[PDB]
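As a starting point, one isolated chain is supplied in structure tokens, in the form deposited in one PDB entry.
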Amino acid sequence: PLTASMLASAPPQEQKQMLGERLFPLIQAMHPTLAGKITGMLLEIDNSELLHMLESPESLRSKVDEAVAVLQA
């Protein structure tokens, strides 16, 4: 499980990658087809909220639902 401390201690060039690797499987469970896109959309959020999402399923959902509204016609 990823921690702020773990995140803060990693070289910045890798932080988003670390978050993406953790977020993507969770996002793909909700949406196999829109997963790359949703994940890319979400990595745009500031890291510290991303961590809160990894840690609250409900936060991740609400963020995903709202990513999907961006994607729709």
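We call the rigid core the largest set of C-alpha positions that still match within 1.5 Å between the two forms. When you see a residue number, it is the position in the sequence shown, counting from 1. Residues that one form lacks are left out of the comparison.
FYI, the form deposited with a partner chain bound isn't displayed, but the following is about it.
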{"property": "4.5 angstroms heavy atom contact with the partner chain in the bound PDB entry for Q17", "result": "yes"}
{"property": "is_contact(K37, the partner chain) in the bound PDB entry, heavy atom dist at most 4.5 Å", "result": "yes"}
{"property": "is_contact(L43, the partner chain) in the bound PDB entry, heavy atom dist at most 4.5 Å", "result": "yes"}
{"property": "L71: touches the partner chain in the bound PDB entry, heavy atom cutoff 4.5 angstroms", "result": "yes"}
{"property": "Structural rearrangement between the shown form and the other one, runs of 3 or more with C-alpha shift of 2 angstroms or more, core superposed", "result": "11-13"}
